[PDB]
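Accompanying notes for the structure given below.
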Amino acid sequence: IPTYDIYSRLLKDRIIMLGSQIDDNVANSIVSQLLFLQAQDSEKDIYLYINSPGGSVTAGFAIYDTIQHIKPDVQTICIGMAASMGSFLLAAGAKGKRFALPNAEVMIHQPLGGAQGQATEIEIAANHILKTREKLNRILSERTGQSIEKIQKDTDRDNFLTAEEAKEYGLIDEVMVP
Amino acid sequence: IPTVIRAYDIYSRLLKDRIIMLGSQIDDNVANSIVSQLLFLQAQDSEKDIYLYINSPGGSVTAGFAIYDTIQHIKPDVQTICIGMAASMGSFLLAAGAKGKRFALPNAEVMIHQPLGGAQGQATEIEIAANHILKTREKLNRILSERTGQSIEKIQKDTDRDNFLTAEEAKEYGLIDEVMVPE
Amino acid sequence: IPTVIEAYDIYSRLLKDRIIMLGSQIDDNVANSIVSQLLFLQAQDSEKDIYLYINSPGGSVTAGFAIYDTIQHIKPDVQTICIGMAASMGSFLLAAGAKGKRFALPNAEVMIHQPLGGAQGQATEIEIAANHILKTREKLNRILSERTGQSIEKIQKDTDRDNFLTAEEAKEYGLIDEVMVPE
Amino acid sequence: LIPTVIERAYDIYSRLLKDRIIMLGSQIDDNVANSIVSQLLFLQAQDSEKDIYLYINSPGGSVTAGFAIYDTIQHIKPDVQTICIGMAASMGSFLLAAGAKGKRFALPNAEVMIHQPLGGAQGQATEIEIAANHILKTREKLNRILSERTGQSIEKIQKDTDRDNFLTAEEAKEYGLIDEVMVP
Amino acid sequence: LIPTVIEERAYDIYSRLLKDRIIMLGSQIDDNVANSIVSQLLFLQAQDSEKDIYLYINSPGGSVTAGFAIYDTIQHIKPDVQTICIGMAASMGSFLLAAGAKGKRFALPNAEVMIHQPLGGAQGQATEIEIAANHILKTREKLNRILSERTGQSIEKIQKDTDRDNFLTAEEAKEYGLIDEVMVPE
Amino acid sequence: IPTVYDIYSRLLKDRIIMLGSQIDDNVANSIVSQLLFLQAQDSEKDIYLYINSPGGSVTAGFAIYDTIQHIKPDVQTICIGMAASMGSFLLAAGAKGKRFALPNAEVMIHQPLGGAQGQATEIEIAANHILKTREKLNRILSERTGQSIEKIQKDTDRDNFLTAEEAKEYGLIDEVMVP
Amino acid sequence: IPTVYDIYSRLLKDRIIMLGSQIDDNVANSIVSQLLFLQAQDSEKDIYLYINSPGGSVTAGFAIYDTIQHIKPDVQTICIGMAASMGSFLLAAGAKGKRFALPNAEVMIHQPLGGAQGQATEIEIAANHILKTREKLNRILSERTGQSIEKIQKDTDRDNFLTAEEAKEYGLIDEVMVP
Amino acid sequence: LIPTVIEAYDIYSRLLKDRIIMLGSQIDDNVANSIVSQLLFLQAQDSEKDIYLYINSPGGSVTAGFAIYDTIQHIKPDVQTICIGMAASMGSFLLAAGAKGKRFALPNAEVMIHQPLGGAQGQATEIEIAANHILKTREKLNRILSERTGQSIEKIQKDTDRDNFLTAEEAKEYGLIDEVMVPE
Amino acid sequence: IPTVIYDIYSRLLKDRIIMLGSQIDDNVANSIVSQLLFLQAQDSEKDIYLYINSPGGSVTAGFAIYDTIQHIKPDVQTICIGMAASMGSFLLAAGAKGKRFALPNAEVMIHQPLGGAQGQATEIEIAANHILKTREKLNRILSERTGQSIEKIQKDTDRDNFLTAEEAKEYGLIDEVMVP
Ligand SMILES: O=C1[C@H](Cc2ccc(O)cc2)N2C(=O)CCN(C(=O)NCc3ccccc3)[C@H]2CN1Cc1cccc2ccccc12
Ligand SMILES: O=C1[C@H](Cc2ccc(O)cc2)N2C(=O)CCN(C(=O)NCc3ccccc3)[C@H]2CN1Cc1cccc2ccccc12
Ligand SMILES: O=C1[C@H](Cc2ccc(O)cc2)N2C(=O)CCN(C(=O)NCc3ccccc3)[C@H]2CN1Cc1cccc2ccccc12
Ligand SMILES: O=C1[C@H](Cc2ccc(O)cc2)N2C(=O)CCN(C(=O)NCc3ccccc3)[C@H]2CN1Cc1cccc2ccccc12
Ligand SMILES: O=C1[C@H](Cc2ccc(O)cc2)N2C(=O)CCN(C(=O)NCc3ccccc3)[C@H]2CN1Cc1cccc2ccccc12
Ligand SMILES: O=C1[C@H](Cc2ccc(O)cc2)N2C(=O)CCN(C(=O)NCc3ccccc3)[C@H]2CN1Cc1cccc2ccccc12
Ligand SMILES: O=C1[C@H](Cc2ccc(O)cc2)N2C(=O)CCN(C(=O)NCc3ccccc3)[C@H]2CN1Cc1cccc2ccccc12
Ligand SMILES: O=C1[C@H](Cc2ccc(O)cc2)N2C(=O)CCN(C(=O)NCc3ccccc3)[C@H]2CN1Cc1cccc2ccccc12
């Protein structure tokens, strides 16, 4: 990573890079960067670059809730791929300031998890992941304008969208053309 | 495994006298063998009792149901005798013996609990797995209610966690009919 | 982890503004760091609030109690804010924040359950281990009863298995004081 | 590895079983218990009156597997003599003490060891409590039977099994775990 | 990461605590940990031979000889070493808790203190096993003698009470004489 | 293993038992069974125990030892290749006057090996047990060889390799079987 | 392994023993049992020991060596493929005038291999033992070949590969069996 | 993990400024290279002032230990040795190598002496070379320990045949140290 | 590794001391070559001190060090502390004539080179020829540096040969034992 390291130099210009799988460590870093940028200037836009295969739903919600909490608009820009919780965060950007570059890929699908143990433990785990899916679908319905029923059907299996299809779907506002 | 002299391994010699030994974890291989032995003994004599010895920590519920349904299907009464331990699907099979012919030896342990499983993948796959294991538990509890005389509500409460019973407690519960006391 | 130049890593820059990030499993290393940060912040300013951000699946009960006791020891109020998830010892620390200054963001998850452990060895060693984890559970439940206003009997029932709460449910329960709603 | 004797062809252990000798010569697990239980039931069916000889050279093993053997011994009509050769430890020493009264033996250099049961528990506090209560009840059951078989008090057996307790054959006789040392 | 504080000098958080005469024993005790703690004690004595030192203990214990390197350094130096148990002090960790300056051994209210006999092992010839057994029994006698001196309990009572794992609350550790005070929050 | 009976079963028909491996419970159970079987076939005729063994379990070895002393037939012992540790103990356990080695056979004597792990009091129990086991081995070897317990203790402190002729001088065997 | 008897059992009926593997205690126990069985069947008729072996355990090899010298029948040795290390020692141990190799068989001689770990005094005991073992091997090989102990010591310092004709010249065999 | 002191030194570098060298690990070539470098540096800074070598070590490499030993004897400053925790094997050899009258142990420190350990694999003549080398190494160690302690080589040979654990007071009686540093 | 106000090894290098205290591999040789070239550039006349505590290692890495020592203008003193074995003892013998030392309890070991080869007969032949030529090269240079004949070096290195510091001096591998 060249030398500020290159990411620290971008952060000085209010650019945050989400460029990996989303886990608690990545979420903690991005939340810290968002809070720091709000403290530096509560009015100026923040730019969140997304190239992510997704990851932890709770880690993703740490990022999502921090975006909605802070005063500055957070622009989202998909470069490469936004999949799963990565496409959820792309859709979470400020209304009118969600972008993808023309060859970027967006993928939506239902959450993944696991359950092991007694029948009643499996029931608790199943109910939890089903409630988590309902929560994701409700918010994605609000952010995209698509019905909960449509989001449920469209996320049953891996669903790959082009940048233009993601715009038609309401996950982004514009394809950033060169 | 010793041989007895025709030349039989000890288990084959017991099978000649209509004794079946369920002495391991229950998996498809064990169930296939026990089902085959039950069908063979019914063919050899459709009226004479069969004796099923149970020392098992349990295992596969579907493998256990292969044994359970074969017991109920065949004409001979199948006596069940718990020696050592009958746990989980093992205690279910103990309770499945012919009414009045379910036994435990005095220091045998019986344990009842809810079924165990696991699921990994998409939310909808986890939901299918959960619904399946919950329906399997309802099926087990309904049959155990019928075989013990306890309510489904009581069986559900009593199997929430591992529940260890003495032979005498298993008799009081209705899982067996008698403790076989030594002369 | 980026650097900010005024050179701080981003977490050190937050600590300058009295924000401590509990963003991983709780083990002795994490507890030693957070205890040291709390003692340092008290020394820097005994009056100004501290902000403990919690995104944690929990972890060691003794490590969690190192953090808990240090929070209660120091003079400044420690606000707690759940973002993402607070589970097990993480939800215990969330409930341990200054009265009126325990928060969750709207989509944060809170989970409560009984302590986990293990024991291997002689019967008497297993008895010692069991007695210790049962006493630990009684201590946790008594403190959660004090911090939530729920009865010990209700906390015992509600932590028997994994119990997932929304931010609004955690507020109704008394684990937090407010859901921090966005403008 | 195991030799054959021809009189019909028997492996050496099958030849001993023809003379009502059963070899408990390994760790006790469910497979070993199933075999020994089967041998005991077979020998009772062959002759309900004649003694059976159970040779014990075992480090012990599963308590429930051991109780499968113990209860089958007590159930059947023939007396089961027990003979410790080499070592009888843990559930092996329990089975040694379970032989017909007056017919429990050890050879002079055989080792007998008694100790409390071993196990494990993992999971939630309530699951650990269930496991602890179960192993403590199992220990009480073992100690009660050993008290009956030896003539020692339950309290003495509890103290004497707190840690590994090694006995010579003569000490095992003094304790009441065997009736006689078989001198050459 | 371990955070940095700037006061201008830049310190990792543990180095900042050391500047205020606080030493963190926050891991299993091995020779590396003991070398670090002994070095810190010698450094703090050289900086000020009169001012108290604060030894924080959150440790499951570890090496008895490494623990005795710390113990003897505490007794050797002129400053009082306060001990404070936070989280847990088990095995040689609880021994070091009891080793603090008389009247300045503390625990926070929910800290766990565990005492038990030393653990070890030996494999090889009968005479090698005999040497190993004699060594660990002599080590236990030495630990028990010092704990008797530090607590006021008899050696016979310490032997009985350490036969198996013995978990004490902070208040029980005070009653036992392993600490002087529970630091109750204001 | 060739057939004639497998070769070992054919030797057992002629009252020859082969102890040709490490001594563990399985080997001891087999040899004890063979000794009891041979006594039942003929209580008067000698048995021949061939020993080529590096030793092994002391309790397994004592299962064999006590069965030899219990039965009525004399058990001749013949060391071929090596008798080490509990193997040399069993060589010395043969009928007096009928313990042999072939000329190039190796005999090794040493103290018992073991291990101990856990609490100080558990290590003390393990140490006391292995020391008592060594006292028992040395007492019996003193009786079988005519050497003092003090001499056996000194001579087994470390691995002590003996030729067949040295084993005869020591009293572990009666004769070297010369061609 | 085909049946005719398995093929090896059929050869044993004609007094042929196959040493066709590494020499360990199991192989030695089997070969010793076969030698004793053949002596019992007929004390006068020759035995034929086929050797294709990379060698192995010296003590296991001495179990075979001493049994060969003990029994009454002559044991012919025939090297086919390879006789190395303790395998070449057993080839040289056959009845005088009845040690053979086939023309392309390889014979290798070298000093014994081993190991020692532990205290200096334990390493000293292990070193003394393997040096005494080498002296014993070299003394017997000197007797069986007619070469001096000094020459055998020099010639076994490193791996020394011999053709069948060189093994004859050396005195390890009596004849190359020409087709 | 290792704290910093700012006047910026890690804690060990700060002690080295006051002529203290901390040996708290197994002795290997890396540890020996560092301690040799520290001794040479301290001699260059001041050839007259004492150096203080703290030892808490289970020992390790004999040749690495001799790198330290010979450097101690070579340099002009006296090297005081102080055993804290344990000095075993080559660690106890280095403790005994300190300046005469300036070898110390704290009261609960342990000293252990024993013969050197090693291994050999291969041909008989390779095993002979390895055996002769470790026996000569033991003779070298025992001769120097005889000179440093005042005990005979015969006594050191007997006393190191197996692991021999000494208290601080016993190490003083033996001549491995000069004084037990008792607390004020 | 402590700091002085430099890490301890960097502080020694300031006084023209190079520490060869590990197995010799390409990384170690690259560092020591770089240090020798740097010290020559700082002062072409002042001695350099090479401390050797090494079990040896790569022959080609050892020759990188050997040739750099002979190339540069400053005398390179060699001092054996602890042990110099195999390529380590070769480098000890490579120091400036009259400036090769060992401390009294240092161990010196000489032996033939080690290697291996797997594959076709002709590949094994190439590997064997290469290691035999490497041995001839080492023995020729050791003959030049010690004054012993190639025949004596060949015999004396057939197996591991351990020398005391005094024996290493008698052999010609060092000039003096540095007595305290
Ligand atoms: O709840 C607080 C309030 C929020 C706030 C911020 C600014 C205001 O004007 C009013 C309320 N809070 C503070 O009251 C002070 C400390 N803090 C800051 O945000 N401080 C500014 C800061 C400067 C440099 C780096 C990071 C933050 C914050 C810290 N926190 C907790 C907190 C901690 C960590 C992450 C958070 C993400 C979203 C919301 C709250 C977070
Ligand atoms: O459905 C049949 C019928 C059942 C039957 C049995 C007895 C009767 O009187 C009438 C119907 N069936 C056959 O009709 C003929 C073959 N068969 C037997 O049970 N045959 C006798 C037999 C002899 C020896 C060994 C085992 C079985 C059986 C085989 N099967 C299929 C079958 C196959 C395998 C296991 C089964 C377990 C329970 C029920 C049927 C099983
Ligand atoms: O018990 C003491 C007292 C507590 C104290 C603090 C402030 C007071 O006004 C009165 C008592 N103690 C001291 O008496 C002095 C050293 N110390 C400090 O807290 N020093 C201030 C400091 C400066 C820079 C970083 C961290 C702490 C503390 C250090 N400690 C031990 C201690 C050590 C480590 C963690 C602790 C957590 C909670 C309570 C005590 C801890
Ligand atoms: O409960 C019975 C009765 C017991 C019995 C035995 C003899 C009697 O005179 C009366 C009752 N039972 C039977 O009624 C008949 C089949 N059986 C036998 O023991 N059969 C004789 C047999 C012949 C050949 C080998 C083994 C046993 C037995 C089989 N069983 C179940 C049984 C099955 C397996 C192990 C057992 C161990 C202890 C007690 C019962 C066991
Ligand atoms: O104690 C008995 C007595 C001993 C006995 C033998 C012969 C006598 O004339 C008197 C006592 N015992 C029996 O009383 C009868 C069963 N048994 C035999 O040895 N039976 C003869 C036999 C025939 C075929 C194979 C093996 C043994 C034996 C079996 N046992 C137990 C026993 C079991 C297994 C191994 C033993 C080794 C030594 C001593 C006793 C052993
Ligand atoms: O010492 C004996 C004597 C030797 C003997 C053989 C023949 C004689 O005419 C005289 C002495 N011995 C016996 O006295 C009788 C049992 N035995 C035999 O060799 N029996 C004949 C036999 C028949 C079938 C298979 C194998 C051997 C042998 C068994 N042995 C012990 C023995 C056991 C095993 C291997 C041996 C190898 C070499 C020498 C003795 C061995
Ligand atoms: O042989 C010399 C001489 C020894 C010497 C030292 C002081 C004197 O007054 C006379 C001779 N030698 C030098 O002649 C100069 C370089 N050197 C030094 O010791 N230099 C001082 C120094 C300054 C800063 C860090 C370390 C050393 C040393 C370096 N060396 C080689 C050497 C190198 C490495 C470790 C050694 C350990 C013991 C003895 C010699 C060692
Ligand atoms: O061949 C040269 C010449 C050699 C030279 C040195 C001094 C002279 O007066 C003349 C020729 N050479 C240069 O011509 C210039 C670059 N160089 C240096 O040695 N530069 C000095 C230097 C300064 C700081 C660090 C290291 C070296 C060197 C670099 N090199 C190539 C080189 C590169 C790397 C290692 C070498 C080891 C031995 C010989 C040459 C090596």
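No hydrogens, no waters, no symmetry mates; every other heavy atom, side chains included, goes into these values. So that the names make sense, note that chain A is the first sequence line, chain B the second, and so on, each numbered from 1.
- Annotation for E166(I): atom CD counts as buried by contact number, over 12 foreign heavy atoms lying within 6.0 Å.
- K140(H) places a side-chain N or O within donor-acceptor distance of the main-chain N or O of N105(I), the cut-off being under 3.5 Å.
- Pairing each heavy atom of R159(I) with each of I129(H), the nearest pair is CB-CD1, 3.5 Å.
- There is no contact between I75(H) and chain I, counting heavy-atom distances below 4.5 Å.
- Looking at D10(H), the atoms closer than 4.5 Å to chain I (heavy atoms on both sides) all sit in the side chain, from C-beta outward.
- Within 6.0 Å of NZ in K97(I) there are more than 12 heavy atoms belonging to other residues, nucleotides or ligands.
- Contact annotation for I144(H): only side-chain heavy atoms (C-beta onward) come within less than 4.5 Å of a heavy atom of chain I.
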Cut-off 3.5 Å, no hydrogens considered: what does the side-chain donor-acceptor table look like for residues 111-118 of chain H, sequence neighbours left out?
residue	atom	partner	partner atom	Å
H114(H)	ND1	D163(H)	OD1	2.7
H114(H)	NE2	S89(H)	OG	2.7
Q115(H)	OE1	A120(G)	N	3.1
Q115(H)	OE1	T121(G)	N	2.9
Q115(H)	NE2	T121(G)	OG1	3.0
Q115(H)	NE2	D161(H)	O	3.0

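- Residues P2(I) and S34(H) come closest through the heavy atom pair CD-OG, 3.7 Å.
- Residues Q73(H) and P180(I) come closest through the heavy atom pair O-CB, 3.3 Å.
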### Task
Evaluate side-chain contact (heavy atoms from CB on, under 4.5 Å) for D70(H) paired with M178(I), printing each intermediate quantity in order.
CA-CA 10 Å; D70(H) 276 350; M178(I) 206 180 280; over 6 Å; no
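- Nearest approach of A67(H) to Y51(I), heavy atoms of both residues: CB-OH, 4.4 Å.
- Closest of all the heavy-atom pairs between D29(H) and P55(I) is OD2-CD, 4.4 Å.
- Top candidate by heavy-atom pairs under 4.5 Å with chain I, chosen from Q123(H), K76(H), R14(H), is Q123(H).
- Note: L103(I) leads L103(I), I17(I), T164(I) in heavy-atom pairs under 4.5 Å with chain H.
- The OG atom of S22(I) sits 7.0 Å away from the CG atom of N30(H) when rounded to the nearest 0.5 Å.
- Heavy atoms from other residues, nucleotides or ligands lying under 6.0 Å from CZ of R143(H) number 12 at most.
- Neither the backbone nor the side chain of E7(H) comes within contact range of chain I; no heavy atoms are under 4.5 Å apart.
- Residues forming a side chain to side chain contact (heavy atoms under 4.5 Å, CB included) with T137(H) (at least two apart in sequence, or on another chain): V62(H), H133(H), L141(H), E107(I).
- Interface remark: of the candidates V179(I), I81(I), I1(I), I81(I) forms the most heavy-atom pairs closer than 4.5 Å to chain H.
- A 4.5 Å side-chain heavy-atom check between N33(H) and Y9(I) finds at least one atom pair inside the cut-off.
- Only the side chain of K136(H) comes within less than 4.5 Å of a heavy atom in chain I; its backbone stays farther off.
- Side chains of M19(I) and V36(H) form a contact here, defined as non-hydrogen atoms less than 4.5 Å apart.
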